[PDB]
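Per chain, numbering begins at 1; letters A, B, ... match sequence-line order.
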Amino acid sequence: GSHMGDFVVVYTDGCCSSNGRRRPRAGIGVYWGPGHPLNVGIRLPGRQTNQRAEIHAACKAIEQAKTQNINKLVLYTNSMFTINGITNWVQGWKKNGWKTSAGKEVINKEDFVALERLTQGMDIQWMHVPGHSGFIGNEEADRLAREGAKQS
Amino acid sequence: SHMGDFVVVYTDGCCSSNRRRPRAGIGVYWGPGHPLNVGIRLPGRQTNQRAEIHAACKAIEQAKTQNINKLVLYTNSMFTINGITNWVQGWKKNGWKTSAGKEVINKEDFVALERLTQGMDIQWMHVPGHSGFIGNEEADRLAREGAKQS
RNA sequence: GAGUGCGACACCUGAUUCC
DNA sequence: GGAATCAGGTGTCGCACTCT
């Protein structure tokens, strides 16, 4: 178990073997600490892609948190897409019929709508962790997602 | 060792620990009791790619020392072979960017190797997994020997 | 509306060598 | 298993132009 001031630190990550190929396998992973009862690594239900696993691994961590009555959180993910989406983009997407900058429709709307819904009632600091650069937290969350993508 | 007027040479690098004291070696073999057969220490940052590349570099300097311009080069470093026979064309065109849009790490090394190849007619031969070729084994022996000497 | 670049962070597939 | 390294891909977005 780890913390920064009053915020408990959590790591999330998604993965997907054969992303954009013929047989995609996507998984989610959240790491709270060594041997933490809350660490999970499971198979991502639905459309298999890296983007959804990254968004959905972040959703899982928040659900778990509410489950522990946690309201302050530092969420580390190596997914700028997830971050930018939830902390910038969704705001504008809501005032424009969910439309890309190329007049078309935002592909992960349901993933971001599900995410934003979870963020109600949560002071969360979305911090980017560079992937594959020695951050135990992020390697483990990646380890956990790979294991989860090896499932159901 | 000659394939016609083309003379044959074997090159190889090595680097164990590739974490603590990455030690890198360079070896170039021309044949039984040849005055230019050498095993020496890789200068600079120690990696396997750098030793394989500078092993080729070393051999080409030696060829020139012998007024050789048609050279057949044997190495098991497909990375070296690919950078020099076909990737450098694109890197000099795209500002030395990788397919992932990042910077070519061994840029310095390939530029030096490319410089040495001006005026050289060189055939790059990949020596596979494992074959006989005492040439490759010798070159290997040379590299591991040069692996220790600052 | 159609399209083309560019940037960024991920997610991969593959290959050879060095351990 | 890992490192050193590269080539080809998709997943997705914003940003910046141009319509033969």
Q) Going by an N to O cut-off under 4.0 Å, is there a salt bridge joining A:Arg143 and A:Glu139? A) no
(Q) Please confirm whether the shortest side-chain N or O distance from A:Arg52 to OP1 or OP2 of D:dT10 is below 4.0 Å. (A) no
(Q) Tell me the interatomic distance from A:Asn88, atom CG, to D:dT12, atom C1', rounded to whole angstroms. (A) 15 Å
Q) C:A10 P sits how many Å from A:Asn108 CG, rounded? A) 17 Å
Q) Given the rule that positive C1'-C2'-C3'-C4' is north and negative is south, which one is D:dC13? A) north
Q. Above 12 or not: heavy atoms from other molecules or residues under 6.0 Å from CD of A:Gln125?
A. yes
Q: Could you encode protein contacts along nucleotides 12-19 of chain C as a string, one character per nucleotide from 5' to 3', using B for base contact, S for sugar-phosphate-only contact and - for no contact, with a heavy-atom cut-off of under 4.0 Å?
A: SS--SBBS
Q.
Without decimals, in angstroms, what is the distance between B:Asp109 CG and D:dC6 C1'?
A. 14 Å
Q. Can a donor-acceptor pair be found between the side chains of A:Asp13 and A:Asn138 at a distance below 3.5 Å?
A. no
Q. Under 4.0 Å between a side-chain N or O of A:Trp93 and OP1 or OP2 of D:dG14?
A. yes
Q: Would you tell me if any nitrogen or oxygen in the side chain of B:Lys102 comes within less than 4.0 Å of OP1 or OP2 on C:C9?
A: yes
(Q) If the cut-off is 4.0 Å, is A:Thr100 near the phosphate of D:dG14, judged by side-chain N/O to OP1 or OP2? (A) yes
Q. What integer distance in Å separates B:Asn94:CG from D:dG8:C1'?
A. 14 Å
Q | Protein-nucleotide distance (A:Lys99, atom NZ; D:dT12, atom P), rounded to Å | A | 16 Å
Q | Atom-pair distance (CG on B:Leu42; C1' on D:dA4), nearest Å | A | 13 Å
Q | Length of the CZ-P vector between B:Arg20 and D:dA3, whole Å | A | 17 Å
Q. Would you call B:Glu61-B:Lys64 a salt bridge at under 4.0 Å N-O?
A. no
Q.
Taking the ring centre of each residue, are A:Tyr31 and A:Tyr76 less than 6.0 Å apart?
A. no
Q) Can you check side-chain hydrogen bond (donor to acceptor under 3.5 Å, both in side chains) on B:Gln66 and B:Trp30, steps first, answer last? A) CA-CA 12 Å; B:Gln66 292 172 281; B:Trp30 299 82; 5.0 Å; no
Q | 5'-most by nearest nucleotide on DNA chain D - B:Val104 or A:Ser101 | A | B:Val104
Q. At under 4.0 Å between heavy atoms, what does A:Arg47 touch on the DNA or RNA strands: base, sugar-phosphate, or nothing?
A. sugar-phosphate
Q: Tell me whether the sugar of D:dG11 sits north or south, going by the sign of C1'-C2'-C3'-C4' (positive is north, negative is south).
A: south
Q) In whole angstroms, how far is the P atom of D:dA4 from the CD1 atom of B:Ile81? A) 22 Å
Q: Applying side chain to side chain donor-acceptor pair (under 3.5 Å), name anything that partners B:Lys70, two or more places apart in sequence or on another chain.
A: B:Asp5
